[PDB]
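Notes to accompany the following structure.
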Amino acid sequence: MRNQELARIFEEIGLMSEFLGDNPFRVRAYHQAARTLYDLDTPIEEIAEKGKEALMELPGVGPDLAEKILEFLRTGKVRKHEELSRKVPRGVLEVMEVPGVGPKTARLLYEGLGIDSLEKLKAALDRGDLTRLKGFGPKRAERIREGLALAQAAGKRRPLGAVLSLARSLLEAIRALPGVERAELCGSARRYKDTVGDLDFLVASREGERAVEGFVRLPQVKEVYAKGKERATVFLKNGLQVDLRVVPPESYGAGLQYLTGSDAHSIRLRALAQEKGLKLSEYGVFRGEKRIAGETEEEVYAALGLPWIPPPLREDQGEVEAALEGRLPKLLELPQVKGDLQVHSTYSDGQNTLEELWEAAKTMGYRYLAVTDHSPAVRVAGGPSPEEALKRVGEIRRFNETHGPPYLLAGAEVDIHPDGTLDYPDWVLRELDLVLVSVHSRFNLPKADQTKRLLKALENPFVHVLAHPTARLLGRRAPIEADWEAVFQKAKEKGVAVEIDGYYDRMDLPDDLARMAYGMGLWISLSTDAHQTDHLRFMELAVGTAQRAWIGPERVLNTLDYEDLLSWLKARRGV
Ligand SMILES: Nc1nc2c(ncn2[C@H]2C[C@H](O)[C@@H](COP(=O)(O)OP(=O)(O)OP(=O)(O)O)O2)c(=O)[nH]1
Ligand SMILES: [Ca+2]
Ligand SMILES: [Ca+2]
Ligand SMILES: [Ca+2]
Ligand SMILES: [Ca+2]
Ligand SMILES: [Cl-]
Ligand SMILES: [Zn+2]
């Protein structure tokens, strides 16, 4: 559907027209045309095929607008939009939009200040300039800076784990709206993508316009960017940018598929539908005018002749073909994970004592937790020395002797020196239950040298896991350059697992490299890199990554019970 695209063009013409000071009657007309297109559920093209008169049946559309609709559908553009685009630069428009701004304001801003982009705005805000620009006073000094921040974030992505819990708190409030029967967080978040744009929620309601109204008036909502009969876009007080879509209860499952995507997955499904004489839309699966499915997502998949496909797979990367052949991959699920294989303590950089870690693991129903404190080079600090590290192993053994399950594995996160040697001697490594190795320095070695360093680390027969292998930090540090094929192949041959560290700004291995490692036949270790007990919740992110990577419970260390894990760790491994 081109409905939203056309709504935007008309809206922009409205803004640009008012900026230029066109007839306020026309300005309002374009905005009313935009609302109509925003709210219109049936494809505009279907009404345009019926003629100019039929277009004119739509609220707000007269002869002038009906012709612009046809022009857009036939050419892909609207000359009037292109014309005002010649008079109106990009950032000047951007200034007028920045939530809380607008055209006439932006015109004094343009004429008065010389603003046809954004940096200038910022400049004026911080200096107090707008406090002296005619028509730019008090409570609005706040609003404009705030709007600017919202605009600048809308291009950008955040780590899934930075926003998932906040999204779920909004989900609780949405579910609690009177009139909402079901709701779910959809979009890329439901697919466990490691960074997300806006957050998208689907609601089932028999009274959609009233559900939108309750939604936009939630205590959590700061600013409404767009709203209509069945949809809205808002900004929360906490900054989250949120889209809502409402469908009737009979359509909920079709709405879940629609809003979860990916777009590429949905394109595949719509074609499968039409190939068997059906139409898949946000509102259901239809044979002619008859709705044959829609209420649950599994029903929708079934009507297309498919098993239900887990959201993390919905990327058009082989899952449609696997579903068609009745051979979806077996995927790791969160209840199968029996413990977390990288947690830190007060012995190094963690906030928690052994007792606190144990208590948290016990609450979570884990069988074990690996306490993997840093070797001395990781933290750029004197200890824990090799002697101290072994003293700690004894302390953890005594803790297990006095506590029982969940058992603590006495581990270490051992720094890899620039030359590939390890930051504890073998007499320490041999006594640890779990040896992780990782890069914490010299991140920018040439690719071939970084590869040699990692290969040398993998020569050590006491290593169990290559921890957070790329060392990336989302928003702060790029992945290290290394030949991952060479590294993973050596790890496989030596019996070393690779880690999926679900700590929210690490997400390392990333899904794509995890898919490569598992496809090459490696073992996988999941962890949260916890430095406080609140971090243990990130195991869901590591499992979501595993699902995106087509990883099953086979060859995942965390699915082994305690005894089988210890056996694996002690065993002759590799080729
Ligand atoms: N990408 C895309 N998705 C669409 C379109 N029409 C409907 N959808 C569905 C599939 C998307 O997964 C879902 C949410 O759209 P978004 O643009 O928010 O994308 P998504 O949440 O998948 O990714 P994001 O992390 O926001 O970039 O809406 C379209 O034109 N493009
Ligand atoms: Ca009309
Ligand atoms: Ca409710
Ligand atoms: Ca989204
Ligand atoms: Ca969206
Ligand atoms: Cl469902
Ligand atoms: Zn580390």
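Every number for a ligand or one of its atoms is a count from 1 in the order of the listing. Nothing fancy with the numbering, it's 1 onward along the sequence. Any value given below was found using the heavy atoms of this structure, including those in side chains, with hydrogens, waters and symmetry copies removed.
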Any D349 side-chain heavy atom under 4.5 Å of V378 side chain: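 No, side chains not in contact.
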Sub-4.5 Å side-chain heavy-atom contact between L55 and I44: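 Heavy-atom side-chain distance check passes, below 4.5 Å.
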Distance alone, cut at 3.5 Å: any donor-acceptor contact between the side chains of [X] and [Y]?
{"X": "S251", "Y": "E282", "value": "no"}
{"X": "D415", "Y": "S375", "value": "no"}
{"X": "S348", "Y": "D373", "value": "yes"}

The Ca ion (ligand 2) reached by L58 (N, O or S, under 3.0 Å):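 Under 3.0 Å: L58 contacts the Ca ion (ligand 2) through an N, O or S atom.
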Distance filter under 2.8 Å, centred on the Zn ion (ligand 7) - protein N, O or S atoms that pass it: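 Listed by chain and number, the atoms are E413 OE2, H468 NE2.
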Rounded to 10 degrees, the angle O of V61 makes with O of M56 at the Ca ion (ligand 2):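 About 80° at the Ca ion (ligand 2).
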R291 to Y283 six-membered ring, cation-pi geometry met (6.0 Å, 45°):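 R291 over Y283 ring: no.
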Residue list, side chain to side chain contact (heavy atoms under 4.5 Å, CB included) with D534, at least two apart or on another chain: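 Residues passing side chain to side chain contact (heavy atoms under 4.5 Å, CB included) with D534: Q532, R537.
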